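The structure under discussion appears below in the form of structure tokens.
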Amino acid sequence: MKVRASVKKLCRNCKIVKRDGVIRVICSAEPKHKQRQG
Amino acid sequence: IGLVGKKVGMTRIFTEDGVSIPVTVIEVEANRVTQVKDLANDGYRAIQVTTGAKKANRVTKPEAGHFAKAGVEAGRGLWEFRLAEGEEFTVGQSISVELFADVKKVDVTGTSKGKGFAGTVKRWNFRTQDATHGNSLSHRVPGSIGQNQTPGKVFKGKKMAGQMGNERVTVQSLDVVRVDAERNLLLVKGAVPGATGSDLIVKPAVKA
Amino acid sequence: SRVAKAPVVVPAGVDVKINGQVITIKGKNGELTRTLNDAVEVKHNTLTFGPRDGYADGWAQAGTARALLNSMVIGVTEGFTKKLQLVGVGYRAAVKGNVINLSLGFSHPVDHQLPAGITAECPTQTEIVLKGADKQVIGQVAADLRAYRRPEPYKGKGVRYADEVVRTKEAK
Amino acid sequence: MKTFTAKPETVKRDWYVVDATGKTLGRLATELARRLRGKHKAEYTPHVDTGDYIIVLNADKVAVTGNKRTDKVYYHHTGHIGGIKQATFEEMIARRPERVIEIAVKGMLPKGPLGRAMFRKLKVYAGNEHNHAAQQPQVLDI
RNA sequence: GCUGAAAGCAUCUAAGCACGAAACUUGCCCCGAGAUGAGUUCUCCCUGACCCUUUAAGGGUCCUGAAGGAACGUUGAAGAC
RNA sequence: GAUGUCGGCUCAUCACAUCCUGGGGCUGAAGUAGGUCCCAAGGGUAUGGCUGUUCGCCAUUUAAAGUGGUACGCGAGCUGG
RNA sequence: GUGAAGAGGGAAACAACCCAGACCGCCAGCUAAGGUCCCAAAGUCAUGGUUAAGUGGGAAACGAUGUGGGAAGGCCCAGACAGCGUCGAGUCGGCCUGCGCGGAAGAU
Ligand SMILES: C=C[C@]1(C)C[C@@H](OC(=O)CS[C@H]2C[C@H]3CC[C@@H](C2)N3C)[C@]2(C)[C@H](C)CC[C@]3(CCC(=O)[C@H]32)[C@@H](C)[C@@H]1O
Ligand SMILES: [K+]
Ligand SMILES: [K+]
Ligand SMILES: [K+]
Ligand SMILES: [K+]
Ligand SMILES: [K+]
Ligand SMILES: [K+]
Ligand SMILES: [K+]
Ligand SMILES: [K+]
Ligand SMILES: [K+]
Ligand SMILES: [K+]
Ligand SMILES: [Mg+2]
Ligand SMILES: [Mg+2]
Ligand SMILES: [Mg+2]
Ligand SMILES: [Mg+2]
Ligand SMILES: [Mg+2]
Ligand SMILES: [Mg+2]
Ligand SMILES: [Mg+2]
Ligand SMILES: [Mg+2]
Ligand SMILES: [Mg+2]
Ligand SMILES: [Mg+2]
Ligand SMILES: [Mg+2]
Ligand SMILES: [Mg+2]
Ligand SMILES: [Mg+2]
Ligand SMILES: [Mg+2]
Ligand SMILES: [Mg+2]
Ligand SMILES: [Mg+2]
Ligand SMILES: [Mg+2]
Ligand SMILES: [Mg+2]
Ligand SMILES: [Mg+2]
Ligand SMILES: [Mg+2]
Ligand SMILES: [Mg+2]
Ligand SMILES: [Mg+2]
Ligand SMILES: [Mg+2]
Ligand SMILES: [Mg+2]
Ligand SMILES: [Mg+2]
Ligand SMILES: [Mg+2]
Ligand SMILES: [Mg+2]
Ligand SMILES: [Mg+2]
Ligand SMILES: [Zn+2]
């Protein structure tokens, strides 16, 4: 998990999702792309 | 439940394999049930027991009538034990140390020996300051008791000199060495609170 | 929306019992039931799904309500299947009644009591096949069984969903 | 002439029963506070308790808006250093549901001897029963 | 994480459901009803005359003196008092 | 028309930007053992040599030898290098 | 300009800000700033919107299918967009703007 102020889609397979008031990047392809805004 | 006993003193049991077990000898005479508390009347489940034998002149008329209602002799006091979900007892029932026959560990509650007014060194294990190297009148004194203007007060619970001991203490999870129902004796491994002669409340160990 | 607009067809066999918000679906494979979100209207052939008035979400709640009752209809009718595979030397599974007993390379037994509604059988030691009416419950049990030893990224060892692609990488 | 003052020894205090079920905590509390103080009476006198006895039933079913059931926090300090304690609304409801209403009303009553006296006339119950049928409380809708 | 729409897909979340830490609430120990919101239970004790005036939780007398308490004494592994 | 000062000693108390122990994501994470980030303040968190030292270096421990605030906490508490 | 040398009302508290300049008395009335759910005087006032963050009631670059409004496009029943030729209705992402969200750690 990357915890960052700037969370972004890093590839095609990244998806932005808001869960419990938190913007997250989930990625089917690359676990390194998983991000939480914070 | 538990039973009320008396600290007789300490001794040892030598085992066949050459271990000396330090034991507190607890005299557990018959605990007579004086009152059964229920949810309807009292709002909780408990027995009140008495033990020993008080002398008629020292038994007040209020005390006498309470014992007389139960149909038991006056003992030296009254103690309550909360009842488990299953447990049932009747008024006037006598409960012996046989209660503890299969109990492996007990919690023993007593009143600790009274040390009176105790300094911080004794009471709280404070370190002494220098005996020499210039120390002026401040060998066993507590040192600083706070900070400065912030907070400008001493905090509650500050460890200071005062009354030590002469208070309720429970020692938990003492091994039952021997239940001698014939002599009204319970032998527990190790020390328990209070002086020889003091009342002890013995209960099966809560922890296990 | 496009989910909710589609009405769930009723197969024969499986009776529906709406009341208030709570719906009941009973067939050959048991009797499921759900209280739907109070913003939802269901309308019995075919259960329709559309939005109730005075409710901002509405079509969102109706689309889930649809999707839930589609699965409920399919659940009491056909039922749902999940298969887990075990991977790893000496990893085995075996069912004793409603308890799965998994050997997963631990220094102790692992015994998952399967919840009511879920049946399980092991076609061989390295396969569980769960069966039940609730799609949610059978998914939850499968997830619980997977969680004992999640598929690991070097050699793929653990409890996997039989479908799942376990991405494996090489050691540094 | 001199303006009327209520006299504590001659004040008429009536008994009321309120159902807290589904009421917004704060909007109930203000109406309770008003009536405990006696602001609803023409005989209202700031230095006299002219208010009414109020039984509140079903305190455990009092409602809050938003995320306040989980997120409204009740703080108290024990007086011991580091002794800041907290409980959420839902925890307060589970443990001591009468305290939710009582705390809400207490903060809306005057501070000082009279405000404390006013609060004593509030009788909050977790459930639907009270022991005060002898006082003959009239239903009061809020 | 499950199920799952909004957004035919996907999505742990919006509805719903499940896990999840020495933190939190308990569980363990001690204090604790001045908790003036002063709680409960059990037991014990007292079942006399009389007259005023401000007729009222009014006042005084004669008789009575309970339960129990205190005091005093002998004291204590209780204690500065 | 005085708000006693460095360091030590005694006694602390809070914050969390966490040193250890607890939970977790990613790893250029095989394992072992790390790296990094997130959660977490319950409790715990060296003794000596040298020097007035704080610090530092050094020796040898430890699960760890946390970082700060508190009149650079604490002389109507001690010391006075 | 005010304080100094200026009281009163408001800004929780608060010389210097806002309102306003106290000759004395009144248990009359109207207003100012500021207010009107309870503490605490006065709208739980009316109508139309926005916000779901207790935002309101602390904090930037920057990040984001939060959500409202406006103008204009691309592609689309010569079948678009997504899922798997099929499928039958919209879809796509820039622009301007309102209100929110993360960014956001401190000592009694
Ligand atoms: C006499 C004043 C002292 C005791 C000490 C003072 O320290 C000095 O003033 C340094 S000069 C030094 C003071 C004394 C008296 C003469 C000689 C010179 N030395 C022995 C010192 C440390 C400050 C710097 C100034 C303020 C002080 C109050 C708080 C504080 O820390 C004090 C004064 C108000 C205090 O009374
Ligand atoms: K009492
Ligand atoms: K410190
Ligand atoms: K890690
Ligand atoms: K800690
Ligand atoms: K200073
Ligand atoms: K000093
Ligand atoms: K001082
Ligand atoms: K001194
Ligand atoms: K002027
Ligand atoms: K706020
Ligand atoms: Mg969560
Ligand atoms: Mg003593
Ligand atoms: Mg020492
Ligand atoms: Mg001297
Ligand atoms: Mg000396
Ligand atoms: Mg102060
Ligand atoms: Mg006030
Ligand atoms: Mg879906
Ligand atoms: Mg531990
Ligand atoms: Mg002076
Ligand atoms: Mg932190
Ligand atoms: Mg804490
Ligand atoms: Mg704990
Ligand atoms: Mg050193
Ligand atoms: Mg200092
Ligand atoms: Mg410090
Ligand atoms: Mg001195
Ligand atoms: Mg000082
Ligand atoms: Mg010198
Ligand atoms: Mg001047
Ligand atoms: Mg002025
Ligand atoms: Mg002013
Ligand atoms: Mg003011
Ligand atoms: Mg007017
Ligand atoms: Mg008012
Ligand atoms: Mg209105
Ligand atoms: Mg705010
Ligand atoms: Mg912002
Ligand atoms: Zn990606």
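We label chains A, B, ... in the order they appear in the structure tokens, count residues from 1 in each chain, and number ligands from 1 in the order shown.
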
Can you check which residues of chain F have any atom within 10 Å of chain B? Use only C-alpha atoms (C1' of nucleotides) and format it as a PDB file with N, CA, C and O atoms (P, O5', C5', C4', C3', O3' and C1' of nucleotides), in the first residue's frame.
ATOM      1  P     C F   9      21.017  11.181  37.427  1.00  0.00           P
ATOM      2  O5'   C F   9      20.710  11.441  38.969  1.00  0.00           O
ATOM      3  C5'   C F   9      21.498  10.769  39.964  1.00  0.00           C
ATOM      4  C4'   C F   9      20.994  11.180  41.322  1.00  0.00           C
ATOM      5  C3'   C F   9      19.530  10.835  41.612  1.00  0.00           C
ATOM      6  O3'   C F   9      19.350   9.472  41.954  1.00  0.00           O
ATOM      7  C1'   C F   9      19.975  13.051  42.287  1.00  0.00           C
ATOM      8  P     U F  10      18.085   8.637  41.421  1.00  0.00           P
ATOM      9  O5'   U F  10      16.856   9.199  42.270  1.00  0.00           O
ATOM     10  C5'   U F  10      16.893   9.186  43.714  1.00  0.00           C
ATOM     11  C4'   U F  10      15.726   9.976  44.252  1.00  0.00           C
ATOM     12  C3'   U F  10      14.372   9.809  43.549  1.00  0.00           C
ATOM     13  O3'   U F  10      13.704   8.635  43.977  1.00  0.00           O
ATOM     14  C1'   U F  10      14.793  12.090  43.863  1.00  0.00           C
ATOM     15  P     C F  11      12.877   7.720  42.951  1.00  0.00           P
ATOM     16  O5'   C F  11      11.560   8.568  42.647  1.00  0.00           O
ATOM     17  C5'   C F  11      10.621   8.870  43.698  1.00  0.00           C
ATOM     18  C4'   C F  11       9.754  10.020  43.254  1.00  0.00           C
ATOM     19  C3'   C F  11       9.026   9.864  41.916  1.00  0.00           C
ATOM     20  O3'   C F  11       7.854   9.081  41.992  1.00  0.00           O
ATOM     21  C1'   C F  11      10.024  11.964  41.975  1.00  0.00           C
ATOM     22  P     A F  12       7.635   7.858  40.982  1.00  0.00           P
ATOM     23  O5'   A F  12       8.064   8.488  39.571  1.00  0.00           O
ATOM     24  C5'   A F  12       7.075   8.820  38.563  1.00  0.00           C
ATOM     25  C4'   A F  12       6.752  10.291  38.636  1.00  0.00           C
ATOM     26  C3'   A F  12       5.813  10.812  37.550  1.00  0.00           C
ATOM     27  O3'   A F  12       4.470  10.520  37.868  1.00  0.00           O
ATOM     28  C1'   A F  12       7.609  12.290  37.776  1.00  0.00           C
ATOM     29  P     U F  13       3.671   9.382  37.069  1.00  0.00           P
ATOM     30  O5'   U F  13       2.943  10.242  35.942  1.00  0.00           O
ATOM     31  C5'   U F  13       1.934  11.193  36.330  1.00  0.00           C
ATOM     32  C4'   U F  13       1.914  12.289  35.302  1.00  0.00           C
ATOM     33  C3'   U F  13       1.837  11.849  33.833  1.00  0.00           C
ATOM     34  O3'   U F  13       0.531  11.408  33.503  1.00  0.00           O
ATOM     35  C1'   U F  13       3.449  13.516  34.059  1.00  0.00           C
ATOM     36  P     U F  70       8.752  22.631  27.583  1.00  0.00           P
ATOM     37  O5'   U F  70       7.930  22.267  28.897  1.00  0.00           O
ATOM     38  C5'   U F  70       6.557  22.697  29.030  1.00  0.00           C
ATOM     39  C4'   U F  70       5.940  21.929  30.164  1.00  0.00           C
ATOM     40  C3'   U F  70       6.663  22.058  31.509  1.00  0.00           C
ATOM     41  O3'   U F  70       6.211  23.250  32.127  1.00  0.00           O
ATOM     42  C1'   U F  70       6.171  19.785  31.072  1.00  0.00           C
ATOM     43  P     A F  71       6.924  23.795  33.455  1.00  0.00           P
ATOM     44  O5'   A F  71       8.361  24.211  32.910  1.00  0.00           O
ATOM     45  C5'   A F  71       8.501  25.007  31.710  1.00  0.00           C
ATOM     46  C4'   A F  71       9.456  26.139  31.991  1.00  0.00           C
ATOM     47  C3'   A F  71      10.695  25.788  32.832  1.00  0.00           C
ATOM     48  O3'   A F  71      11.819  26.453  32.295  1.00  0.00           O
ATOM     49  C1'   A F  71       9.633  27.620  33.758  1.00  0.00           C
ATOM     50  P     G F  73      13.587  20.984  31.893  1.00  0.00           P
ATOM     51  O5'   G F  73      12.054  20.600  32.083  1.00  0.00           O
ATOM     52  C5'   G F  73      11.053  21.636  32.166  1.00  0.00           C
ATOM     53  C4'   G F  73      10.156  21.350  33.338  1.00  0.00           C
ATOM     54  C3'   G F  73      10.824  21.336  34.714  1.00  0.00           C
ATOM     55  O3'   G F  73      10.864  22.651  35.243  1.00  0.00           O
ATOM     56  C1'   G F  73       9.479  19.415  34.465  1.00  0.00           C
ATOM     57  P     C F  74      12.030  23.151  36.222  1.00  0.00           P
ATOM     58  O5'   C F  74      11.897  22.227  37.512  1.00  0.00           O
ATOM     59  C5'   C F  74      10.745  22.344  38.370  1.00  0.00           C
ATOM     60  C4'   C F  74      10.816  21.284  39.442  1.00  0.00           C
ATOM     61  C3'   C F  74      12.133  21.173  40.222  1.00  0.00           C
ATOM     62  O3'   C F  74      12.140  22.083  41.310  1.00  0.00           O
ATOM     63  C1'   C F  74      11.440  19.021  39.514  1.00  0.00           C
ATOM     64  P     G F  77      10.788  22.156  51.062  1.00  0.00           P
ATOM     65  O5'   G F  77      10.619  21.708  49.537  1.00  0.00           O
ATOM     66  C5'   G F  77      11.773  21.633  48.665  1.00  0.00           C
ATOM     67  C4'   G F  77      12.422  20.284  48.813  1.00  0.00           C
ATOM     68  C3'   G F  77      13.901  20.216  48.433  1.00  0.00           C
ATOM     69  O3'   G F  77      14.703  20.763  49.474  1.00  0.00           O
ATOM     70  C1'   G F  77      12.750  18.359  47.531  1.00  0.00           C
ATOM     71  P     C F  78      16.114  21.462  49.172  1.00  0.00           P
ATOM     72  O5'   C F  78      17.046  20.174  49.089  1.00  0.00           O
ATOM     73  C5'   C F  78      17.353  19.387  50.261  1.00  0.00           C
ATOM     74  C4'   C F  78      18.332  18.322  49.836  1.00  0.00           C
ATOM     75  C3'   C F  78      19.600  18.831  49.148  1.00  0.00           C
ATOM     76  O3'   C F  78      20.534  19.290  50.107  1.00  0.00           O
ATOM     77  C1'   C F  78      18.675  17.124  47.840  1.00  0.00           C
ATOM     78  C1'   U F  79      23.510  18.227  45.508  1.00  0.00           C
ATOM     79  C3'   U F  79      25.002  19.077  47.202  1.00  0.00           C
ATOM     80  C4'   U F  79      23.966  18.147  47.829  1.00  0.00           C
ATOM     81  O3'   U F  79      26.256  18.763  47.790  1.00  0.00           O
ATOM     82  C5'   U F  79      23.272  18.706  49.042  1.00  0.00           C
ATOM     83  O5'   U F  79      22.429  19.807  48.655  1.00  0.00           O
ATOM     84  P     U F  79      21.535  20.500  49.772  1.00  0.00           P
ATOM     85  P     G F  80      27.183  19.865  48.501  1.00  0.00           P
ATOM     86  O5'   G F  80      27.679  20.718  47.251  1.00  0.00           O
ATOM     87  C5'   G F  80      28.492  20.064  46.258  1.00  0.00           C
ATOM     88  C4'   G F  80      28.438  20.881  44.996  1.00  0.00           C
ATOM     89  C3'   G F  80      28.960  22.321  45.113  1.00  0.00           C
ATOM     90  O3'   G F  80      29.803  22.634  44.015  1.00  0.00           O
ATOM     91  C1'   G F  80      26.822  22.305  44.139  1.00  0.00           C
TER      92        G F  80
END

| request: Report as a list in words which protein, DNA and RNA residues come within 10 Å of ligand 5, using only C-alpha atoms (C1' of nucleotides) and all ligand atoms. | output: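 If we count only C-alpha atoms (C1' of nucleotides) and all ligand atoms, the neighbours of ligand 5 turn out to be residues 22 and 23 of chain E; 16, 18, 20, 21, 40, 41, 42, 43 and 44 of chain F.
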
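Between CA of residue 5 in chain B and CA of residue 194 in chain B the interatomic distance comes to 12.2 Å.
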
| task | Give as number ranges by chain the residues surrounding ligand 36 up to a distance of 7 Å, considering only C-alpha atoms (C1' of nucleotides) and all ligand atoms. | result | G: 40-42

| task | Considering only C-alpha atoms (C1' of nucleotides), return as a PyMOL selection string whatever protein or nucleic-acid residues lie within 9 Å of residue 82 in chain G, sequence-local ones (same chain, fewer than 4 positions apart) excluded. | result | chain E and resi 7-9

| message | Set the distance at 10 Å and use only C-alpha atoms (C1' of nucleotides): which residues neighbour residue 17 in chain C once local chain neighbours fewer than 5 positions away are removed? I'd like the list as a ChimeraX atom specification. | response | /C:22-26,33,44

Take the residues from that selection and put them in a file with N, CA, C and O atoms, as a PDB file, in the first residue's frame.
ATOM      1  N   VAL C  22     -39.968  -7.224   3.086  1.00  0.00           N
ATOM      2  CA  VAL C  22     -39.345  -8.533   3.251  1.00  0.00           C
ATOM      3  C   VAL C  22     -39.917  -9.475   2.194  1.00  0.00           C
ATOM      4  O   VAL C  22     -41.131  -9.590   2.084  1.00  0.00           O
ATOM      5  N   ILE C  23     -39.039 -10.135   1.419  1.00  0.00           N
ATOM      6  CA  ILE C  23     -39.448 -11.076   0.385  1.00  0.00           C
ATOM      7  C   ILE C  23     -38.975 -12.462   0.809  1.00  0.00           C
ATOM      8  O   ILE C  23     -37.954 -12.579   1.483  1.00  0.00           O
ATOM      9  N   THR C  24     -39.740 -13.490   0.414  1.00  0.00           N
ATOM     10  CA  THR C  24     -39.401 -14.885   0.646  1.00  0.00           C
ATOM     11  C   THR C  24     -39.486 -15.622  -0.687  1.00  0.00           C
ATOM     12  O   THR C  24     -40.430 -15.420  -1.450  1.00  0.00           O
ATOM     13  N   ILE C  25     -38.488 -16.477  -0.931  1.00  0.00           N
ATOM     14  CA  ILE C  25     -38.344 -17.236  -2.160  1.00  0.00           C
ATOM     15  C   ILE C  25     -38.149 -18.682  -1.712  1.00  0.00           C
ATOM     16  O   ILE C  25     -37.158 -18.960  -1.043  1.00  0.00           O
ATOM     17  N   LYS C  26     -39.129 -19.557  -1.998  1.00  0.00           N
ATOM     18  CA  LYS C  26     -39.076 -20.958  -1.601  1.00  0.00           C
ATOM     19  C   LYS C  26     -39.229 -21.834  -2.839  1.00  0.00           C
ATOM     20  O   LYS C  26     -40.176 -21.650  -3.599  1.00  0.00           O
ATOM     21  N   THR C  33     -34.785 -15.719   2.152  1.00  0.00           N
ATOM     22  CA  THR C  33     -35.579 -14.557   2.534  1.00  0.00           C
ATOM     23  C   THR C  33     -34.670 -13.338   2.713  1.00  0.00           C
ATOM     24  O   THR C  33     -33.532 -13.491   3.156  1.00  0.00           O
ATOM     25  N   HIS C  44     -44.531  -8.571  -8.156  1.00  0.00           N
ATOM     26  CA  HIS C  44     -44.936  -9.830  -8.770  1.00  0.00           C
ATOM     27  C   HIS C  44     -46.001  -9.578  -9.849  1.00  0.00           C
ATOM     28  O   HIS C  44     -45.899 -10.216 -10.922  1.00  0.00           O
TER      29      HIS C  44
END

| request: Could you please tell me, as a VMD selection string, which residues of chain D have an atom within 12 Å of chain E when using only C-alpha atoms (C1' of nucleotides)? | output: chain D and resid 85 to 88 90 to 92 94 to 95 99 102 116 to 117 119 to 124

Environment of ligand 34 within 12 Å, counting only C-alpha atoms (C1' of nucleotides) and all ligand atoms, reported as a PDB file with N, CA and C atoms (P, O5', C5', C4', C3', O3' and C1' of nucleotides), in the first residue's frame:
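What landed in result02.pdb:
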ATOM      1  P     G G   8     -19.264  49.158  30.406  1.00  0.00           P
ATOM      2  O5'   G G   8     -20.656  49.583  29.752  1.00  0.00           O
ATOM      3  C5'   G G   8     -21.803  49.813  30.579  1.00  0.00           C
ATOM      4  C4'   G G   8     -23.002  50.061  29.691  1.00  0.00           C
ATOM      5  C3'   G G   8     -23.228  49.056  28.559  1.00  0.00           C
ATOM      6  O3'   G G   8     -23.943  47.954  29.088  1.00  0.00           O
ATOM      7  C1'   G G   8     -23.286  51.216  27.660  1.00  0.00           C
ATOM      8  P     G G   9     -23.445  46.448  28.863  1.00  0.00           P
ATOM      9  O5'   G G   9     -23.936  46.237  27.364  1.00  0.00           O
ATOM     10  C5'   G G   9     -25.345  46.067  27.125  1.00  0.00           C
ATOM     11  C4'   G G   9     -25.582  45.964  25.641  1.00  0.00           C
ATOM     12  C3'   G G   9     -24.743  44.930  24.891  1.00  0.00           C
ATOM     13  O3'   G G   9     -25.245  43.619  25.089  1.00  0.00           O
ATOM     14  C1'   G G   9     -24.677  46.940  23.725  1.00  0.00           C
ATOM     15  P     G G  10     -24.250  42.361  25.142  1.00  0.00           P
ATOM     16  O5'   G G  10     -23.705  42.268  23.652  1.00  0.00           O
ATOM     17  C5'   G G  10     -24.619  41.921  22.605  1.00  0.00           C
ATOM     18  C4'   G G  10     -23.874  41.961  21.301  1.00  0.00           C
ATOM     19  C3'   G G  10     -22.670  41.028  21.170  1.00  0.00           C
ATOM     20  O3'   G G  10     -23.078  39.697  20.911  1.00  0.00           O
ATOM     21  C1'   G G  10     -22.115  43.147  20.340  1.00  0.00           C
ATOM     22  P     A G  11     -22.301  38.450  21.556  1.00  0.00           P
ATOM     23  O5'   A G  11     -20.857  38.579  20.884  1.00  0.00           O
ATOM     24  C5'   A G  11     -20.751  38.436  19.449  1.00  0.00           C
ATOM     25  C4'   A G  11     -19.325  38.640  18.990  1.00  0.00           C
ATOM     26  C3'   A G  11     -18.216  37.974  19.805  1.00  0.00           C
ATOM     27  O3'   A G  11     -18.265  36.564  19.673  1.00  0.00           O
ATOM     28  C1'   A G  11     -17.522  40.116  19.141  1.00  0.00           C
ATOM     29  P     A G  12     -17.454  35.607  20.675  1.00  0.00           P
ATOM     30  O5'   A G  12     -17.903  36.041  22.148  1.00  0.00           O
ATOM     31  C5'   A G  12     -19.225  35.727  22.654  1.00  0.00           C
ATOM     32  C4'   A G  12     -19.119  35.082  24.018  1.00  0.00           C
ATOM     33  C3'   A G  12     -18.119  35.693  25.009  1.00  0.00           C
ATOM     34  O3'   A G  12     -18.806  36.637  25.813  1.00  0.00           O
ATOM     35  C1'   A G  12     -17.859  33.315  24.931  1.00  0.00           C
ATOM     36  P     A G  13     -18.375  38.174  25.855  1.00  0.00           P
ATOM     37  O5'   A G  13     -17.019  38.051  26.686  1.00  0.00           O
ATOM     38  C5'   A G  13     -17.099  37.889  28.116  1.00  0.00           C
ATOM     39  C4'   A G  13     -15.793  37.331  28.609  1.00  0.00           C
ATOM     40  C3'   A G  13     -14.536  38.149  28.301  1.00  0.00           C
ATOM     41  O3'   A G  13     -14.334  39.123  29.307  1.00  0.00           O
ATOM     42  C1'   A G  13     -14.174  35.824  27.910  1.00  0.00           C
ATOM     43  P     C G  14     -14.542  40.689  29.038  1.00  0.00           P
ATOM     44  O5'   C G  14     -13.325  41.139  28.106  1.00  0.00           O
ATOM     45  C5'   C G  14     -11.950  40.815  28.422  1.00  0.00           C
ATOM     46  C4'   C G  14     -11.099  41.002  27.187  1.00  0.00           C
ATOM     47  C3'   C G  14     -11.399  42.223  26.306  1.00  0.00           C
ATOM     48  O3'   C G  14     -10.583  43.314  26.675  1.00  0.00           O
ATOM     49  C1'   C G  14     -11.276  40.293  24.949  1.00  0.00           C
TER      50        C G  14
END

| query | Nearest to chain G among D:51, D:115, D:110, D:83, with distances taken over only C-alpha atoms (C1' of nucleotides): which residue is it? | reply |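 Closest to chain G, using only C-alpha atoms (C1' of nucleotides): D:110.
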
| said: Residues within 7 Å of range 23-37 of chain G, please, as a list in words. Count only C-alpha atoms (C1' of nucleotides); anything in the same chain fewer than 2 positions from it doesn't count. | reply: residues 2, 3 and 30 of chain D; 10, 18, 19, 42, 43 and 44 of chain G

Contacts from chain E to chain B, 10 Å maximum, only C-alpha atoms (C1' of nucleotides): show me the residue list as a PDB file with C-alpha atoms (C1' of nucleotides), in the first residue's frame.
ATOM      1  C1'   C E  28      -8.694  -9.880  37.173  1.00  0.00           C
ATOM      2  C1'   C E  29      -7.548  -6.981  41.945  1.00  0.00           C
ATOM      3  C1'   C E  30      -8.770  -2.755  45.450  1.00  0.00           C
ATOM      4  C1'   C E  31     -11.905   1.485  46.944  1.00  0.00           C
ATOM      5  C1'   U E  40     -31.268  -2.757  48.711  1.00  0.00           C
ATOM      6  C1'   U E  41     -31.950  -6.934  52.084  1.00  0.00           C
ATOM      7  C1'   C E  42     -32.254  -9.219  57.007  1.00  0.00           C
ATOM      8  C1'   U E  43     -32.917  -8.510  62.103  1.00  0.00           C
ATOM      9  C1'   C E  44     -33.985  -5.662  66.586  1.00  0.00           C
ATOM     10  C1'   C E  45     -36.517  -1.804  69.700  1.00  0.00           C
ATOM     11  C1'   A E  67     -32.979  -1.556  70.922  1.00  0.00           C
ATOM     12  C1'   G E  68     -28.497   0.198  70.792  1.00  0.00           C
ATOM     13  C1'   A E  77       0.479  -9.087  64.689  1.00  0.00           C
ATOM     14  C1'   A E  78      -4.954  -2.091  64.930  1.00  0.00           C
ATOM     15  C1'   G E  79      -2.591   2.544  65.574  1.00  0.00           C
ATOM     16  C1'   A E  80       0.911   9.485  65.171  1.00  0.00           C
TER      17        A E  80
END

| request: When you get a sec, could you note down which chain A residues fall within 12 Å of chain C, using only C-alpha atoms, as a VMD selection string? | output: chain A and resid 28 to 31

Since we have the selection now, will you write its residues out, keeping C-alpha atoms, as a short mmCIF file (atom, residue, chain, number, x, y, z; two decimals), in the first residue's frame?
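Written output follows (result16.cif):
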data_model
loop_
_atom_site.label_atom_id
_atom_site.label_comp_id
_atom_site.auth_asym_id
_atom_site.auth_seq_id
_atom_site.Cartn_x
_atom_site.Cartn_y
_atom_site.Cartn_z
CA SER A 28 -5.93 -6.18 -10.71
CA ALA A 29 -2.48 -6.48 -12.36
CA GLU A 30 0.16 -4.93 -10.06
CA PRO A 31 0.03 -4.96 -6.17
#

| For range 2-18 of chain A: contacts at 7 Å, only C-alpha atoms (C1' of nucleotides), fewer than 5 positions along chain excluded, given as a list in words |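 After dropping sequence-adjacent residues, the list is residues 23, 24, 25, 26, 27, 28, 29, 33, 34, 35, 36, 37 and 38 of chain A; 37 of chain F; 62, 63 and 103 of chain G.
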
| task | For residue 89 in chain D, work out the shell of residues within 12 Å, counting only C-alpha atoms (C1' of nucleotides) and skipping chain neighbours fewer than 5 positions away, then give it as a ChimeraX atom specification. | result | /D:25,60-65,67-75,94-101,103-104

| Near-ligand residues for ligand 32, threshold 9 Å, only C-alpha atoms (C1' of nucleotides) and all ligand atoms, as a list in words | residues 3, 6, 7, 8 and 15 of chain G

| request: Enumerate the residues of range 20-125 of chain D with a DSSP assignment of alpha helix (DSSP H), computed from the backbone, and present them as a PyMOL selection string. | output: chain D and resi 25-37+68-71+89-95+97-106+113-119
